[PDB]
Structure formats: structure tokens, C-alpha cells
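Have a look at the structure below, then the notes.
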Amino acid sequence: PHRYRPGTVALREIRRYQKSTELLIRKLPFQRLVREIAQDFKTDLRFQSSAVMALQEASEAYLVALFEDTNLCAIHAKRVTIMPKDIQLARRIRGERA
Amino acid sequence: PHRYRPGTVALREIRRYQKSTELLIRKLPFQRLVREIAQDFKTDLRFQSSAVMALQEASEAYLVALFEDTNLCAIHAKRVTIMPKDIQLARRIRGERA
Amino acid sequence: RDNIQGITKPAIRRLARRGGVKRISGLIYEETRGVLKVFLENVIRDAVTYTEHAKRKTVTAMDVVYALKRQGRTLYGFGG
Amino acid sequence: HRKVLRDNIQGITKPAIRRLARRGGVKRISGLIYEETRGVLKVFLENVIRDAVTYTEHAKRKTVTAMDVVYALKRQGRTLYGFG
Amino acid sequence: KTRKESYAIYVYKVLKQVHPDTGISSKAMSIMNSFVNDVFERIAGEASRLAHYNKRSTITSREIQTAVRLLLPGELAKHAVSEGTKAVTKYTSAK
Amino acid sequence: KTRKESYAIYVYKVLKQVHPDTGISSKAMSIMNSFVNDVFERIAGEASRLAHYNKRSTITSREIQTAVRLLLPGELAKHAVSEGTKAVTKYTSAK
Amino acid sequence: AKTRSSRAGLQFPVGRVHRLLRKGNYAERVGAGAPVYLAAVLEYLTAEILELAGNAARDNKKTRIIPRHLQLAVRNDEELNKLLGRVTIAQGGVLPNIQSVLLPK
Amino acid sequence: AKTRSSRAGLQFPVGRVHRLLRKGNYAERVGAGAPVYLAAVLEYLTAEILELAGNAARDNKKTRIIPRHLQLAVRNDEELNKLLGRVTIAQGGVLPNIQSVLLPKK
DNA sequence: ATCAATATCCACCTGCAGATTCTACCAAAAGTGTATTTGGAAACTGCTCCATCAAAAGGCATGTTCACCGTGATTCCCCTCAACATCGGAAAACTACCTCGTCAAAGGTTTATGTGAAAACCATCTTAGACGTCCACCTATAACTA
DNA sequence: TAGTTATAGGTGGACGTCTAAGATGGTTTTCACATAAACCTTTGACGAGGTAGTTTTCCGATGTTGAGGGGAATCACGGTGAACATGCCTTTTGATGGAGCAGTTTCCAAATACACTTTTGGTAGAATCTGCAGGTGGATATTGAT
């Protein structure tokens with residue numbers, strides 16, 4: 001039997017994904033989340049196929065970016081693990097929670 | 001002989017300065033720094049009194065505002081002392097050093 | 001119903017990894033979803049405000065982008 | 001006329017620095033800070049003044065007006081109130 | 001003479017309206033003035049952009065609305081938007 | 001007919017002027033187009049504003065300059081402001 | 001003659017705004033109701049602050065509203081603070097708020 | 001007749017820009033040299049990216065410049081990255097950069 | 001577990017400056033009113049592209065179980081906070097003094113506001129056709145114990 | 001260190017959309033001569049006001065001496081996240097019937113563009129304010145040792 005060490009095949013992913021450009025959310029759950037929030041905001045609305053991805057591209061690139069900043073927050077606390085406490089600090093300094 | 005405890009007459013000021021609105025740098029040493037950065041940038045110039053103060057108001061405000069953000073970066077790392085490491089982070093997420 | 005929970009915990013960590021992320025808490029995945037919702041809400045809100053104004057019933061890519069611009073998230077690649 | 005300018009950046013007194021810091025809600029301040037600060041300030045000022053003058057220059061004027069300073073701060077996304 | 005028309009006259013009018021027994025520092029009035037201006041530019045352009053986006057060649061009250069509905073935070077938008085349609089509809093009737 | 005004018009025709013021209021044996025995606029073209037668009041808007045307004053600041057009733061190449069000097073970072077501004085004054089002087093002379 | 005402002009029951013200059021939207025190259029063509037609508041939005045917001053400013057000036061035991069009062073208003077208020085996010089007020093000061101981690105024992 | 005673009009030795013549409021500055025309500029009056037100046041700035045910047053894009057597309061062993069190449073260009077470059085600060089590129093990806101605190105042991 | 005004892009509000013009251021508050025007057029704007037100007041919102045109408053429902057990979061979803069990283073302290077080493085000593089230098093008046101940024105003129109461009117006539121450049125794709133997906137097949141670089 | 005799990009890769013052949021050469025129709029611009037209308041380069045000149053220059057005053061700055069206590073430095077070892085599995089719901093990856101909404105041609109007004117014709121501003125110009133800006137006690141907290 002073989003076993004990978006904890007937090008070390010983790011890296012294989014990071015590099016792999018940092019190399020790739022593609023969307024890390026399946027369009028459909030996202031599609032569902034978008035259409036929901038729009039109707040939960042204005043009754044019966046349609047969306048250009050482009051418009052949905054456009055949003056996803058935006059959405060992800062943001063999280064992507066947020067996480068980067070959240071990363072450093074952890075490391076600053078002499079920590080290794082990201083937690084609500086970080087995102088809080090991240091968003092508060094950014095100015096969206098400030 | 002009467003002595004205030006270390007880190008307790010500190011707070012006096014906080015409460016004192018947070019309540020006031022005056023500028024915490026002396027006009028003149030500031031005056032020079034502005035004229036310098038501008039002359040050793042574009043020679044033999046002049047500054048309307050206001051244009052000088054307008055700068056200082058702004059400059060001060062900025063730093064106080066930065067310190068706020070900095071403070072939270074200390075408090076995040078369990079710490080209670082502001083050090084370059086914090087400002088680095090503070091600016092980093094703010095986007096100017098990233 | 002909980003399409004916000006449709007943002008799969010792996011899809012979350014995949015996005016996290018791309019940020020340069022080594023260790024991820026269980027509490028994160030919820031917090032994240034929250035933030036995303038907030039983000040989306042804010043965008044879509046403004047996005048629709050345009051669709052609505054155009055006297056249109058279909059949300060265009062432009063609407064989505066003009067909203068992102070307003071947000072200070074300037075997007076490239078959709079006629080933006 | 002004229003005299004020259006040398007470490008006016010050091011003219012931003014260490015106390016003046018901590019006074020500003022206190023107003024941020026600051027309890028403990030390192031010795032290394034005071035330099036870092038000055039750095040940041042310089043950077044700030046540089047960036048502002050740069051744009052600020054770019055206006056003065058454009059106006060075909062030799063005097064830096066409050067407006068120039070403000071239109072610069074606006075550009076910077078530091079919208080200032082109280083100088084027209 | 002130079003003549004640099006402001007708003008102080010009106011800001012004073014709408015002060016005395018809410019608070020008839022309260023003055024105001026010229027410094028504060030200036031801040032206040034920079035506000036009404038800042039707010040103007042913000043809305044005006046956001047609406048200027050709108051006509052363009054919509055290949056529309058005329059600025060309308062309808063444009064101001066959506067600009068206001070975009071730029072202004074929650075309840076404040078609602079309250080402003082209301083008073084807008086309110087003064088407008090008064091101007092339409094009382095011609 | 002619809003007619004949706006882009007820049008792609010020119011984008012490709014200058015592409016082959018820098019790398020003759022190198023193409024482009026259509027999706028990358030869209031990004032490139034959005035750039036020239038955003039960058040257009042950026043400097044434009046910046047300079048549109050500049051006229052008003054200085055009470056000037058007409059945009060000039062001069063307003064573009066200072067606008068570029070403002071909008072564009074360090075060395076890239078220098079290099080830009082160059083080709084600008086360059087192509088300009090070529091138009092004035094070879095008129 | 002009747003002032004266009006009074007034709008909407010406003011204190012703010014409806015005519016001025018109409019001119020100010022022309023002298024800004026906002027569009028080829030300005031509306032007739034838009035300078036009215038906007039002049040009111042502005043009126044509302046002005047009065048809205050002034051409202052919160054007055055009380056601020058009163059809590060601090062004064063007649064004339066000074067800068068600090070405008071900041072104490074805006075920053076203590078939820079929505080204005082969001083609207084005036086990227087904005088700094090001259091002689092504004094700051095909301096006294098110490099972290100509940102630095103407080104004594 | 002001679003194209004105004006060739007009168008400045010440019011590939012970018014000098015006439016188009018002249019019209020585009022009118023159809024934007026930028027000012028009451030547009031200049032004659034301004035549409036020229038700007039058309040060039042744009043030309044330069046376009047070419048400037050494309051330059052860095054080409055090489056990026058070449059390092060990754062391809063002919064056609066795709067989105068990723070544009071991002072790999074912009075974000076790896078110092079100044080563009082600053083200019084396109086608040087900007088996101090569709091299908092951009094990210095610069096691979098792991099923190100030198102999470103890396104193994106030896 | 002009660003006493004020193006700064007420095008806080010704060011109590012008035014000096015008095016000093018920065019509000020309004022008349023009283024205009026240029027008088028810039030704003031407003032009244034009329035033809036001209038055109039941008040719109042008016043109603044049609046042929047379709048692009050948006051939502052319908054359904055075949056089979058693709059990857060989501062707990063489960064099990066173990067290996068390091070903080071809802072544990074504790075130590076202790078030296079960071080920087082707190083009086084206080086002592087002038088240097090900021091501030092806060094006035095005095096030249098002359099540098100430059102406005103009000104008014106004043107032609108001299110520099111630009112716009114018509115439209116015939118050729119000249120890109122974009123639907124419109126139309127059609128080659130070419131770089132790239134998409135993975136075989138074994139290199140082959142690291143990895144976590146044999 | 002030498003493995004032997006896990007694919008770091010890694011390097012090359014056909015289908016396959018989907019670059020981009022082409023052409024054809026425009027056709028929408030783009031240009032290129034018209035014509036004062038007017039936006040801007042002087043260009044004096046007069047003062048604001050911004051620089052410098054001088055002085056007297058006290059108000060923060062600096063530069064020590066301690067040393068309480070906050071920063072990190074490591075342990076107990078809890079116990080929280082990452083593997084390494086099959087368990088499959090559901091998200092792709094494909095058709096196909098019309099709500100919407102662009103492209104057309106229109107009077108209907110809903111703004112431009114002027115001519116004067118009264119005001120609402122707006123500095124300014126003082127004209128007197130009269131709110132609050134420090135000055136010396138003073139009662140009053142709350143630290144930090146008796």
C-alpha cells in the first residue's frame with residue numbers, strides 16, 4: 001500500500017490549476033445561482049449565454065484574487081490555514097466590509 | 001513619586017487625538033517636504049497656501065487611515081505592535097505594492 | 001433551492017489552490033459562498049438595473065459588463 | 001536668493017508620526033516604522049504632486065493651485081472636500 | 001470682480017428649513033459645497049453614459065433616475081428617487 | 001444588415017508588423033479590442049475633463065499629451081507621448 | 001415671472017442645473033424635466049446631511065455646523081458613509097473607536 | 001485621395017477616431033491633430049502588448065495568440081500590469097506563484 | 001483592601017474673530033415667448049437566439065483514519081513606553097517686493113457645418129484549410145517507504 | 001540510499017471546428033473642397049499674493065534612563081484537516097418550437113437657438129454682529145502606590 005503525505009499532493013493541484021485558464025465551476029450550478037438571484041430581484045428575466053459566463057469569469061477571477069490576498073493574511077498570522085478571520089481582514093482592508 | 005503604567009498613558013492620546021481635528025504634522029517641516037519633492041521634480045515653482053494645506057490634510061488623512069488598516073494587521077497576528085511587516089500587508093491588499 | 005450550495009466544496013478549493021493556497025478550513029467553504037452571493041447580488045443588481053432601463057427583458061453581456069465597470073471590475077472579452 | 005533642500009523627509013518628526021499613528025487607534029509602535037512611514041508618505045506625495053503638477057503645467061501656469069491639487073487627488077481616488 | 005457662483009445660498013435655505021436655529025462655518029459650507037458638486041458630477045455623467053450606451057441622443061429625467069438608482073446606496077436611493085419624481089410631477093402639473 | 005465596427009482589421013495589421021509568423025484567437029481578439037476601447041475611453045474623458053478644468057472649449061493634441069502623462073505609468077507614458085508627437089509632426093509636415 | 005424652482009417647490013436652482021448640464025458636454029441634448037429631477041435629488045441629499053449634521057452640532061453643544069459635525073454625521077451614518085466611501089472631508093477627524101483587544105484588564 | 005492614417009504612417013484609423021471623439025460628447029469641439037495623436041498612442045500600446053503577447057505565445061509553443069498569452073504578458077510585465085490594474089481578462093488564468101513558506105522541507 | 005494626584009472635563013467668563021445680515025449693482029443669467037430642428041417613441045414585422053427536454057461520461061459525494069498545525073500554556077528575552085531634562089526651531093506677526101496670473105482687447109488661425117464621389121471595412125459569411133485539440137506509449141521526474 | 005507508486009510529463013499523427021484569406025455588396029463612411037463663425041495666441045497692465053526676509057516667543061523635539069511586559073520562542077498532544085478509496089446524481093453534449101427585439105419609415109412633439117426683459121445672485125463693502133476660542137481655577141474622575 002502507498003500513501004501521499006498530507007498537504008503535499010495539494011501542491012500538484014495548485015501548480016496544475018495555476019497553469020490552466022478554464023472555469024472551475026460547472027456553468028449549470030452557477031447558471032442556477034444567477035437566474036435565482038435575478039428573479040429574486042426582478043420577475044422573469046432572460047440571459048445571453050455570453051452574459052452568464054461573463055459573470056462567471058468575473059465571479060471566479062474575483063474569488064481567485066480574494067483568496068490570493070486571504071493567503072497572505074494567514075501567513076501573516078504565522079499560520080498555514082485560511083479561515084473566516086482572514087477573509088474578514090481581506091474584505092475589510094479591501095473596502096467592501098470596511 | 002508618581003508613574004503611569006507602560007501602555008496606559010498611551011491610550012490618553014488615542015482618545016485625545018481621535019476626538020480632535022487639527023493636523024498632526026507641523027506646517028513648516030511639511031511645507032519644505034512638499035516644495036522639495038516638487039522642485040526636485042519641476043524647478044522654480046510656487047504653491048498657493050491652500051494647495052499646500054490641501055495636500056497635508058490629504059496626506060495626514062491617508063496615513064491615519066492606513067494606520068487603522070495597519071493596526072488590524074497587528075491585532076490579526078495575535079500581536080499588538082505595529083511593525084513594517086503589517087504595513088507591507090496593509091498596502092499589499094490595498095493594491096499599490098502587490 | 002440552495003444553488004448557492006451547488007457551488008461544490010471541491011470547486012471552491014480548486015479556485016482557492018489557484019490563489020496559492022496550502023491549507024483550507026471547513027468554515028471557509030460557507031464564508032466563501034456568502035461572499036460570492038454578496039458579490040453576485042451587488043453585480044446582478046446593477047446589471048439588471050441596466051436591462052430594466054433598456055426596456056428589455058433579456059440580460060445582455062453589455063449590461064453585465066457596464067455593471068462590472070461601475071463596480072470597478074472592468075471586464076475584457078465580451079465587447080467590453 | 002534660494003537655498004537647497006536636504007532630508008525634509010526627515011523633517012516629518014518621529015513624534016508627529018506617532019501622533020498620526022495614535023489617531024489610528026495605535027498602542028505599540030516600532031522604531032522601524034518611522035522610516036517605513038516616511039517612505040510611504042514620499043511615495044504618496046510623489047504620485048499626487050506628479051499628477052498635480054501635470055495639471056499646473058497644462059494650464060500654462062507656473063503656480064500650483066488648490067484645484068490642481070484636488071483634480072489630482074480625485075484622479076487618485078481620494079476625492080477631497082473643502083478647497084473648491 | 002471675479003464672480004465664482006456657488007450654492008451657499010441654497011444650502012443655507014435647506015439648512016434653515018430643517019434647523020432654523022443653527023449656523024454653519026464657512027469651512028463646513030465649503031465641504032458641503034464640494035459635496036453637491038461631487039454628487040452632481042457623479043450622477044450627471046453616470047446618466048450621460050446611459051444615453052450613449054442606449055444610442056440615445058437626449059438626456060432625460062428617466063436617465064437621472066437609473067443613474068440615481070445605480071449610484072445611491074439602498075434607502076437613500078429610494079428616498080431620493082421618490083422626491084425626484086415628486087418635484088418633477090409637480091412641475092409637469094404646475095407648468 | 002447589422003454592422004458592428006471593431007478594430008480587428010488594424011489589430012491584425014500591427015500584429016503582422018511585429019510578428020509576421022504569429023496569429024491570434026478570436027477570443028483573444030475580443031480582449032484586444034476591449035483594451036483599445038477601454039484605453040480609448042480612459043485617456044479621452046481624462047482629456048475631455050482637462051479642457052473643462054482649464055475652461056478650454058476645444059480638445060487639442062496638447063490635452064491628449066497631459067492626459068497620457070497622467071493616465072500612463074512611467075516609461076510607457078514616455079514611449080507613448082513620443083510616437084504621439086511623432087505621428088503628429090509627420091501629419092503636420094506631410095500634410 | 002415664476003422661478004422654475006418654485007414651480008417644483010424647491011430651494012435649489014432648477015435653472016442653474018439646466019445650464020450646468022449644457023456647460024458640461026454631458027449630452028447633445030439635455031431634457032426639460034431632468035434639471036428639475038436632479039436639482040431635487042441634490043436638494044434632498046443636502047438636507048438629508050444637514051439634518052444629521054445639525055443634531056451632531058447639537059450633541060456637541062454648538063450653533064454653527066463645523067466640518068467635524070459633517071464627518072461625525074457621515075461616518076456614524078450607515079448609507080452616507082458608503083456613498084462617501086472614497087471621499088475625505090477637510091478637518092474631519094475620525095470616529096473614536098478603540099479595538100476591544102487593547103482595552104485594560 | 002490619401003488616408004489620413006498614412007498621412008501619419010499609422011495602421012490605426014485616424015478618421016474613425018476623429019468621428020469617435022465627436023460621437024462621445026467629449027467636447028464641444030474636437031481638434032484636427034488630436035484624433036491623429038491618440039490613434040497613434042493606441043497603435044503603440046496595441047503593438048506594445050502584441051509584442052509581449054507574441055513571445056508569450058512562442059514560449060508556450062503556439063502560433064495563435066490566445067487569452068492566456070495576453071495575461072501571461074500583461075501580468076508578467078511591470079507597467080501594463082499597473083495600467084491594467086482594475087482590469088480582468090477573460091480566460092486569463094494567473095501567474096503561477098506559490099508562497100515560499102508553503103514549499104516542502106529540503 | 002483604602003489613599004496620592006495628574007489630567008479631565010468643565011465652570012464660568014474674559015475677548016477676538018468669522019458670521020450673517022443689510023444694501024446694493026453689474027447684469028450675468030434666467031426667463032419669457034416664437035419659429036425652426038430633430039430626436040423620439042410610435043406602431044409594424046421578419047426572424048436571431050433564448051429557453052424546452054433528453055441521451056451517456058464526468059466528476060460530485062461521503063467514508064475511513066491518519067498526520068501534522070492551534071479555541072492549551074509558559075517562559076523569558078530584550079523592545080519600546082514613560083517621565084524628564086533643554087533648547088532648537090516652528091510659529092506667528094509684519095515688511096518689502098516683485099513675480100505671474102488674471103481682465104480686456106484683437107486679428108489669426110483653427111474648426112465646423114453643407115454634400116458629390118471614391119474609398120475603406122464590415123455584414124456576410126463563403127470556403128478553404130490549418131493550428132490545435134485529443135490523447136497514444138514510455139519517458140521519467142519526484143516521491144514515501146523497500 | 002534504492003526503489004515502484006503516481007503520472008512530472010513528453011513527443012508526435014488525423015479529425016475538426018473555426019482562423020482568416022477572399023469577394024461582393026455595398027454603404028457607410030471617409031475625404032475634400034466651401035465660409036464665415038468663432039475659439040484661441042498674444043499682449044498690455046495691474047495688482048494680488050506668494051516668496052523671502054526679520055523677529056520675538058514658547059512649544060514641541062530630542063536624547064537619555066530604566067524595566068514592565070509584549071514578542072516570539074518552543075513544548076504538550078489535542079484534534080483538526082488531507083488522503084485514497086468506490087458510490088453514482090447530475091451536468092454536459094445534442095435537437096427544436098416562438099418570445100423578444102432589431103431594422104423600417106413617421107408625425108408628434110419635445111429641445112435647440114435667438115431676441116430682448118426683468119430678477120436672483122454675488123462679490124463687495126462694509127456693518128455690526130455675537131458664537132466660541134483660550135485663560136485661571138476647580139470640582140472630579142480614575143489610575144497606581146499606601
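Quickly estimate the mean residue ellipticity at 222 nm for chain D, helices only: each DSSP H run with n ≥ 4 gives -39500 (n - 2.57), and the total goes over all residues, rounded to 500. Counting only the DSSP helices, I get -18000 deg cm²/dmol. Per q in 0.04, 0.06, 0.07, 0.11 1/Å, what log10 I(q)/I(0) does a Debye calculation on the alpha-carbon atoms of the protein assembly as shown return? Debye intensities relative to I(0), on a log10 scale: -0.17, -0.40, -0.56, -1.50. Between identical copies, the spacing of B:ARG5 label points, each set 7 Å from Cα toward the C-beta atom, reads 4.7 nm from nearest to farthest. With point charges of +1 on the Cβ of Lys and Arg and -1 on the Cβ of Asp and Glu, referenced to the Cα centre of chain F, which listed residue (F:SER25, F:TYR53, F:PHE35) lies farthest in the positive direction of the dipole? Projecting each Cα onto the dipole axis, the largest value belongs to F:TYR53. Shown here for region A:1-95: GluC sites (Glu not before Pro) in loop regions (DSSP other than H, G, I, E, B) with at most 15 other Cβ atoms within 10 Å, namely A:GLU22.
Protection proxy ranking, highest mean first, for peptides C:49-56, E:64-71, C:19-26: E:64-71, C:19-26, C:49-56, where packing is the per-residue count of other beta-carbon atoms within 10 Å, averaged.
Distances between equivalent label points of B:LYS19 across the copies, with each point positioned 7 Å along Cα→Cβ, amount to 6.3 nm, shortest listed first. When the Cα positions of D:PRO15, D:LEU41, G:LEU20 are compared along the charge dipole of the protein assembly as shown, D:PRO15 comes out farthest toward the positive end, with charges on each C-beta of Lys, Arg, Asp and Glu.
Ascending distances from the E:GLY45 label point to its copies in the other chains, with the point 7 Å along the Cα-to-beta-carbon line: 0.5 nm.
In terms of its Cα atoms, chain G spans 68, 31, 20 Å along the principal axes, sorted from long to short. Legend: distances between Cα atoms for B:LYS78/G:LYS105; F:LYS78/H:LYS82; C:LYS37/D:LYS74; E:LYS55/E:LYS86; pairs beyond 20 Å are C:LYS37/D:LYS74; E:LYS55/E:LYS86.
For a label point 7 Å from the Cα of E:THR2 along Cα→C-beta, name the residues of region D:44-66 whose backbone N is under 17 Å from it. Only D:61-66 fall inside the zone, counting backbone N under 17 Å. Using a 10 Å cut-off on Cβ to Cβ distances, tally the other chain neighbours for every residue of D:54-61 and report the average as a whole number. The per-residue average across the peptide is 6. With the cut-off at 21 Å, report for chain F the share of all Cα pairs above it, as a whole percent. Pairs farther apart than 21 Å: 50 percent. Across peptide G:71-77, the mean count of Cβ atoms from other chains lying within 10 Å of each residue's own Cβ comes to 1. Taking the Cα atoms of chain D, the ratio Rg/Rh between the radius of gyration and the Kirkwood radius comes to 1.05. Using the beta-carbon distance between D:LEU5 and D:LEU32 and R0 = 22 Å, what value does 1/(1 + (r/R0)^6) give for FRET efficiency, to the nearest 0.05? According to the calculation, E is roughly 0.30. Rounded to two decimals, the Cα radius of gyration of chain B over 2.2 N^0.38 Å is 1.39. One residue of chain E places its C-beta nearer than any other to the axis carrying E onto F; that residue and its whole-Å distance are E:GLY45, 4.
Please note: Cβ atoms are built from the backbone with ideal geometry, for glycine as well, and neighbour counts cover all protein chains shown. The numbers here are math on the coordinates, done by the rules we state, and not lab data.
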